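A.B. asks: Pasting the sequence and an experimental structure:
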Amino acid sequence: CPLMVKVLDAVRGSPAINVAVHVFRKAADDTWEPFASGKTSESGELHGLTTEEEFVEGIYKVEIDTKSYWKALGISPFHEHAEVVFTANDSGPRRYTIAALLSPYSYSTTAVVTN
Amino acid sequence: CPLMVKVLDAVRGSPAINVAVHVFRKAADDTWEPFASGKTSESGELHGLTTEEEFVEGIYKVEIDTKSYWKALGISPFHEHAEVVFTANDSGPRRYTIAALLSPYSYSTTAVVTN
Amino acid sequence: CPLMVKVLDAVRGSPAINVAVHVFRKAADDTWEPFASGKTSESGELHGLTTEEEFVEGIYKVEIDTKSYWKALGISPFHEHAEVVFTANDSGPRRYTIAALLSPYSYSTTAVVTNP
Amino acid sequence: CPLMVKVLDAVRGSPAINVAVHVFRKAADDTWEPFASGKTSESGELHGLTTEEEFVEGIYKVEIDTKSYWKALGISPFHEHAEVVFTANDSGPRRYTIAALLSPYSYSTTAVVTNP
Ligand SMILES: *S(=O)(=O)c1cccc(-c2nnc(-c3cc(Cl)c(O)c(Cl)c3)o2)c1
Ligand SMILES: *S(=O)(=O)c1cccc(-c2nnc(-c3cc(Cl)c(O)c(Cl)c3)o2)c1
């Protein structure tokens, strides 16, 4: 609800289905603690990662397992994973969507932050 | 229904609202004939452009009026408009979403073609 | 020097070589006049399209023939071409680099504009 | 020569100058070891990070300090940094260019990989 991930495939023109996504929260000692994870749906989306109560301000990392995705399609890719690192800020709008558009040697990512 | 346009703003991290979009179909003589138009909604989307009956195979152009968008925000942009030119093909999946992610001096565009 | 085009392939992780590029300029009657054309090199770059004398103020369209590129590679892409339309030189001469990063169903484009 | 980083600004239409870049390499114990670092030049380019001797096979992370860039411009961006993680040189030495195109709430990144 407060956090959604959307993943698209630029080679096939389709949602990127069954992609593993792992979310981490930065701890006090600067290590990354597991926070949430799942796999994208048939629409390329992963909902239900967290709740408003748990998603407090801090630094988060969303790791999208792109290498496995491309390998399953028989395509050799560049990156190990796509990484998106950001601060959640209570001032700003309350719903974060992290989107990524994937190619074998490239990716784009954007944030849609709305109320 | 068969054609949707989605426009996002990479400067503000938000849907690009009230952006004019014009769709053209290539005519026999190679001119561009007006086909559909509208303005993006509060979610950055423009639905209802065409129907399955009218959206036959052919070459289409989607022109997104980015310059006016940026000017209304007080930002000086590079492009006159973003252009997306493609062939609609009956073989492939039946629903086309044309997405564009806008910055003042850059844009990205992708197609999500699904059934 | 005043206008350069750079094209990259996001599938291969390489320059996009032998990509045809056509530039047009909008005339006073609002039609698109052919202005220049060429092909990217083995570096993905196309230089020598125009001269500072010829490249006057106007609205220019840079058409990058992406479908022909992907088809010559045996691949069926979505777009016909990538089109970049911009006003040039309206505060005096500038140098423009138009870059594009290509995938079969997507592309990104940017401009680097510098003042000599 | 073996590793180059190029950064562009999608807001300004310019190179992204004075962008800090940190490269790490994954150690055998699975931690990220500092490998090299530098700043982009007035061309948006960072050269001289490593040597072909030093740049052995491994998993490398290129951290581009985008937040610091946008903040030094007085702008409040979304991301902390742009991170590019890849296996390098696992079929022998290659030359890698890592490119990034930056906006306040978005970035794109690509790689050009060539065989000397
Ligand atoms: S919307 O939720 O209906 C919707 C439909 C289709 C596509 C999108 C979407 N979300 N993000 C993107 C996108 C992200 C990036 Cl990083 C880039 O470069 C592009 Cl071109 C699109 O598309 C939303
Ligand atoms: S080259 O040095 O002459 C050159 C000039 C201008 C721009 C480039 C360049 N390199 N990469 C890119 C680029 C990267 C990405 Cl990730 C995206 O999305 C785009 Cl549109 C361009 O541009 C090289």
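C.D. replies: Structure received. Residues are numbered from 1 along each chain as shown, chains lettered A, B, ... in the order given. Ligands and ions are numbered 1, 2, ... in the order given.

A.B. asks: How much space separates residue A:56 from chain B?
C.D. replies: Applying CB to the nearest CB, to the nearest Å, one obtains 20 Å for the distance of residue A:56 from chain B. Where C-beta positions appear, they are placed from N, C-alpha and C, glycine not excepted.

A.B. asks: count of residues packed around the nearest residue to that residue once chain neighbours are set aside?
C.D. replies: The shortest distance from residue A:56 to any residue other than its chain neighbours is 7.2 Å, reached at residue A:88 (CB to CB, 6 or more residues apart in numbering or on different chains). Taking other CB atoms under 10 Å in any protein chain shown as the neighbour definition, residue A:88 ends up with a count of 18.

A.B. asks: right, and residue A:88 touches residue A:54 too?
C.D. replies: No. Assessed by CB atoms under 8 Å, residue A:88 is found out of contact with residue A:54, at 10.9 Å.

A.B. asks: Tell me where chain A has strands.
C.D. replies: A:3-9, A:14-15, A:20-26, A:32-39, A:45-46, A:58-64, A:79-88, A:95-103, A:106-114 (DSSP state E).

A.B. asks: With distance to residue B:48 as new columns, can those strands be given to me in CSV?
C.D. replies: Supplementary listing: the strands of chain A in CSV, determined by distance: least, CB to CB, whole Å:
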stretch, distance to residue B:48
strand A:3-9, 23
strand A:14-15, 22
strand A:20-26, 32
strand A:32-39, 33
strand A:45-46, 23
strand A:58-64, 32
strand A:79-88, 33
strand A:95-103, 23
strand A:106-114, 22
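
A.B. asks: ok, which residues in chain A are in contact with chain D?
C.D. replies: A:59, A:78-81, A:83-87, A:103, A:105-111, A:113 (CB under 8 Å from any CB of the partner chain).

A.B. asks: Just list whatever residues bridge to residue A:82.
C.D. replies: With DSSP bridges as the criterion, the beta-bridge partners of residue A:82 are residue A:64, residue D:84.

A.B. asks: what's around it, how many residues?
C.D. replies: By other CB under 10 Å, neighbour count at residue A:82 equals 27.

A.B. asks: Same question for the one 4 residues further on.
C.D. replies: Counted with other CB under 10 Å, the burial measure for residue A:86 works out to 22 neighbours.

A.B. asks: What of residue A:11?
C.D. replies: When neighbours are defined as other CB under 10 Å, residue A:11 has 20 of them.

A.B. asks: for it, what are its contacts?
C.D. replies: A:73, A:75, A:102, A:103, A:104, C:11, C:103, C:104, C:105 (CB atoms under 8 Å, 6 or more residues apart in numbering or on different chains).

A.B. asks: Could you export the residues you listed as CSV, including distance to ligand 2?
C.D. replies: Formatted as CSV, the entries for the contacts of residue A:11 read as follows, by distance: CB to the nearest ligand atom, whole Å:
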residue, distance to ligand 2
A:73, 21
A:75, 19
A:102, 13
A:103, 10
A:104, 13
C:11, 14
C:103, 10
C:104, 15
C:105, 15
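
A.B. asks: filter those down to the ones near ligand 1?
C.D. replies: Applying CB under 6 Å from any ligand atom, the subset of those adjacent to ligand 1 is empty.

A.B. asks: my guess is residue A:21 contacts residue A:38, does it?
C.D. replies: Yes. Residue A:21 sits in contact with residue A:38 when judged by CB under 8 Å, with a separation of 6.0 Å.

A.B. asks: quick one: which of those two has more around it?
C.D. replies: With other CB under 10 Å as the criterion, residue A:21 and residue A:38 differ in neighbour count, and residue A:21 comes out ahead with 22 against 16.

A.B. asks: I only care about the residues of chain A next to chain D that end up buried; give me the PyMOL line for that.
C.D. replies: PyMOL command restricting the residues of chain A next to chain D to the buried ones, with burial defined by 16 or more other CB atoms under 10 Å in any protein chain shown:
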select buried, chain A and resi 78+79+80+81+83+84+85+86+103+105+106+107+108+109+110+111+113
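
A.B. asks: Pull the residues that contact stretch A:107-115.
C.D. replies: When contacts are defined by CB under 8 Å, 6+ apart, stretch A:107-115 is touched by residues A:66, A:79, A:82, A:84, A:86, A:92-101, B:8, B:10, B:13-15, B:101, B:108, C:108, D:78-79, D:103, D:105-109.

A.B. asks: how about a cut-off of 6 Å?
C.D. replies: With contacts defined as CB atoms under 6 Å, 6 or more residues apart in numbering or on different chains, stretch A:107-115 is touched by A:82, A:84, A:92-101, B:10, B:13, B:101, B:108, D:78, D:105-106, D:108.

A.B. asks: Endpoints of stretch A:16-33, how far apart?
C.D. replies: Between the opening and closing residues of stretch A:16-33 there is a gap of 26 Å (CA to CA, to the nearest Å).

A.B. asks: got the buried residues for that stretch?
C.D. replies: Using 16+ other CB under 10 Å as the burial criterion, the residues of stretch A:16-33 that qualify are A:16, A:17, A:19, A:20, A:21, A:22, A:23, A:24, A:25, A:26, A:32.

A.B. asks: For those, which two are the farthest from each other?
C.D. replies: With distance counted by CB to CB, no two of these lie farther apart than A:17 and A:26, which are 29.4 Å apart.

A.B. asks: count of residues packed around residue A:66?
C.D. replies: Neighbouring residues of residue A:66 were enumerated by other CB under 10 Å; the total is 25.

A.B. asks: For chain A, list the residue farthest from the centre, please.
C.D. replies: In chain A, residue A:29 marks the outermost C-alpha relative to the chain mean, sitting 23.2 Å out by CA atoms, centre = their mean.

A.B. asks: how close does that one get to chain B?
C.D. replies: From residue A:29 across to chain B, the span is 30 Å (CB to the nearest CB).

A.B. asks: How about residue A:38?
C.D. replies: On the measure of CB to the nearest CB, residue A:38 and chain B end up 20 Å apart.

A.B. asks: From chain B, how far out is residue A:18?
C.D. replies: 15 Å.

A.B. asks: Now that residue: phi and psi?
C.D. replies: With angles defined as degrees, to the nearest 10, residue A:18 sits at phi 60, psi 40.

A.B. asks: pretty sure it contacts residue A:39?
C.D. replies: Yes. Under the contact definition of CB atoms under 6 Å, residue A:18 touches residue A:39, with a separation of 5.3 Å.

A.B. asks: Which residues are in contact with each of the two?
C.D. replies: Counting by CB under 6 Å, 6+ apart, residue A:18 and residue A:39 have no contacts in common.

A.B. asks: I'd like the distance from residue A:33 to chain D, if you could.
C.D. replies: 16 Å.

A.B. asks: my read: that residue touches residue A:25, true?
C.D. replies: Yes. Using CB under 6 Å, residue A:33 makes contact with residue A:25 at a distance of 5.4 Å.
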